[PDB]
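Here are two versions of the same chain, shown separately as structure tokens and labelled structure 1 and structure 2.
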Structure 1
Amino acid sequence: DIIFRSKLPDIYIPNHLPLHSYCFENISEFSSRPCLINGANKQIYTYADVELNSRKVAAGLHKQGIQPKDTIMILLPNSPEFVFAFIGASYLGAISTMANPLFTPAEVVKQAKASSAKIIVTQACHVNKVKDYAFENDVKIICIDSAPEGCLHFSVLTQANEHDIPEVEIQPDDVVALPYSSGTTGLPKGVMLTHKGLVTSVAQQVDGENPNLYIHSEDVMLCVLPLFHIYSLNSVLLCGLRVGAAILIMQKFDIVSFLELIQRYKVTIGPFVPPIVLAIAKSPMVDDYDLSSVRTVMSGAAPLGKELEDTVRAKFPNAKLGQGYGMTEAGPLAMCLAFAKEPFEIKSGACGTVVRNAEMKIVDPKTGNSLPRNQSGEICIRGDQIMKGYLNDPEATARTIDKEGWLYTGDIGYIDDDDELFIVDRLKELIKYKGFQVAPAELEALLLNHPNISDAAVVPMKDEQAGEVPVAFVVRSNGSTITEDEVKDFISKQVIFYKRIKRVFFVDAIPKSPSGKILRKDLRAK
């Protein structure tokens, strides 16, 4: 096995600590400081307020019948209540499964069932999605805003007394978070993330003498990324709490709101995804705003090419900018070392250096051999931060994490001479044209370079005599009349022949997950 490790040294990680105990370990150093800020209504909770409310929610959840290893479902947009419920369940040795509140009724009930959730925490507007299932199956509904009939109100939880939390012995391998993901192979799976696992991931990012991601108690981190997904939950909320930073909560990305809040609150840490990066590059109004407070700009969760990366870099010239790479199954696998307290130099388009306290290898899919530097293969990772497994699915677990503890990602990439990882694309997303592999993300990146294209996606199309050809879905810049042949030519002049785009279909919007991924499967259906 050829093994890769971080340019940083391994550190001591106290992963015997419950998640809440770890995140609030240093709370007395910053108990008075801002912890959570509600962007919508201006409200501020201090660190003390947040530990207090979480303790109370714990006592209230117990009084509602939550025991250790029981499951609650959080069905909420980003909010203080998401956080209180999440940590609240943690105090009980219980589990939060979190879900996109914009799921259809059928998706909600499916997750509620597969997780065995005993309580759903949500908004009044989403009650109709779950009411009938919940009432027929002894599942309580708690709403944060108003309580429809048959429902309870969140304040029922915060009424409970802070020192009424039952005695509990939480084990390191006890589950605390159950996000669902379709990422690797198949239908939605319950990803069992443990106290030990999450404490490990957080530490890998923000602890140590030279942390991989330097953040401190005077920082203000923007929380626009969805907390129901691992990137925000882990890198924004849990990392933010650990270091005592202020966390500014936005319920929905809007380019105007986004810029105003960065300016108004003097945001210093900007955790973004490629769709937000792109809006920043393509938006004419970014110049009208003082964004000089931002010192760290991050992108993760989907492919981002070096050119778009370079473009936005110039719009935050006194900020360190770069990418991290992660999975529901693992939290971040690699993280940009330009974010380090004593920074390292980086290249644009890289997705970071493998985190410390971990091992990475690159495996040839054809042979199963580990590869040297500068060669493409399947990324594998081994460390205490990876999931315990898929909920009720040992066989999918055994298929994804081998007996030596290697997690096979399904992502193709290579590590270079400077220990920086580059992702090419998901193994299965590669287009086979004749006998060449074409990576959709390479061509999406060139498309986004065009001044008259605001958004794009590339997927294979069935071709009678080719098998598959690359096609593009494109969103024209406001006003632009750019044609299919102009887009095809624009691409054709830059690439070797097998990478050519065969058709361009023009649309109003590219379908994207809230985590910032192109919904490639919806386009294939179209």
Structure 2
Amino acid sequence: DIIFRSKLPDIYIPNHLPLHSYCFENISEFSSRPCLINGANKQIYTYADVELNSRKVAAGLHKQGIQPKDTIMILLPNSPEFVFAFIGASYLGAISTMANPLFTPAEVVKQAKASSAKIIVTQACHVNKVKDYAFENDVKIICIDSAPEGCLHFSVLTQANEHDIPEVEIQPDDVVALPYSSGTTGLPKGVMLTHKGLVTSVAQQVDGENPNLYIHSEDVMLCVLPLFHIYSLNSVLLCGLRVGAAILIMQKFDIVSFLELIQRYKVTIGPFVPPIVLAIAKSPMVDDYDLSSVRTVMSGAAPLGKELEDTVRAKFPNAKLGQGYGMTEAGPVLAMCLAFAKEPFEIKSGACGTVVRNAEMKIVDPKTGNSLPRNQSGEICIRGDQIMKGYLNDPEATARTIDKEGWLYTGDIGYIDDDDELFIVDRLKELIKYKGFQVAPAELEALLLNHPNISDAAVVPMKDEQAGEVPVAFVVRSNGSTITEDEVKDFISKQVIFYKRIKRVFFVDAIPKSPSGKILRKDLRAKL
């Protein structure tokens, strides 16, 4: 194999430490500093407050019957309670699965069943989505705001005595976070991220004499991207905690709250995606705010492009801009912008970083299986302790995704250049990404085939300025059917979260397939 590595040296990583022990390892240095700032109500929790509340919640969860290797579901927007629940479960050697609170009842229940969640932590407004399921299956519902009848209030956890945490034996390979991802084909699967994996990933980002991302205890990091995706849970929360930074929580993006919070709290680190920068570009009010405190703008999920790069340079005059690359199964971070290093490296516009330290990357020709040299595009593969343990209860999908030599096959096409900078150029896998949210076409295709008037279906991404990609469907009608485009859309829209909505339907005689019987998705993308 032709193997690529970081321009940074390998470092010592204390991957034997439980995630909480690692994240709070240097807490004595940060004890009285702001840890979580709730942007809406201006409440500040210090590092001491957050460690203590997490321990209280651990005792509370223990009292509610959570044992090692049990799972809780967090169904919350960004909030201090999200953090206390996640870290609380970690202290017990238990698992947090995280879900978008805007999921439909069917979506929430599917994930609750797949994950065997024992408790669902949510808001009162979402109780109706899970109440019947939870009652029938002895799943406790705990609300952070007010508790409807049959539910508990989150104070039942925070009122617990921190000294009532049981003795716990946590192993490095124990699962601690369970985000869902459809990976390189098929339906959403549970991604088992471990103590060892997440400690490794966080260390790869922020540890070392020359860290790949230089952040420190004086930084103020905006947490507007959702904590229910590992993207922010890892790179914002866990990384921020490790270095003693303040994490400024937003429950929901709007341009005014965003600008006000950056100015008022003097945000120094801005973890964004391109739709946030597009909102900035399209809002003249931006020129009336001071965003000079921002020293680092990190973008990922999708290419920013030259115009949005220009917006960042114009509106964040003191910010270093860089793009990075992650995938849930990879821990998630594969490549990181070396312009962010304490001793920075030069970068090129359009790059998505350099492969993380303490890891190996190779580029594999899909036609041959052979590894490729510099400047030649192929399937990006990564190997290292930071990647997932595997898919929960899915050995087949695991074996198809991570090979016997430990290589994760991402389904992404890219190349590494002469300066060890990675560029993403194409996607081999069927995945659709709407503003950074996963849309699994296999899920939509299955929902479409449920309709009596639909014979065959194929869901593919269509390029979109506002969302990056939107789902579109090529649909074959049943015999003697006059189903309309709007009828197909409305049928789907009632069942799915907003981002999975089908935006165009194209009626065709047949779906292009290989002799084996698989959708020729590249051909359909070419048509669009």
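All residue numbers here follow the sequence of structure 1, with the first residue given the number 1. The term rigid core refers to the most C-alpha atoms you can superpose between the two forms while keeping them within 1.5 Å.
Residue 504 is among the residues whose C-alpha shifts by 2 Å or more between structures 1 and 2 once the rigid core is aligned. With the core superposed, residue 478 shows a C-alpha displacement of at least 2 Å between structures 1 and 2.
Rotation of the smaller rigid part against the larger between structures 1 and 2, from C-alpha superpositions: 146 degrees. Taking the core as the fixed frame between structures 1 and 2, we note the C-alpha of residue 446 moving 33.1 angstrom. Aligning the rigid core between structures 1 and 2 leaves the CA of residue 286 offset by 1.7 Å.
Structural comparison between structures 1 and 2 after rigid-core fitting shows the C-alpha of residue 379 displaced 0.1 Å.
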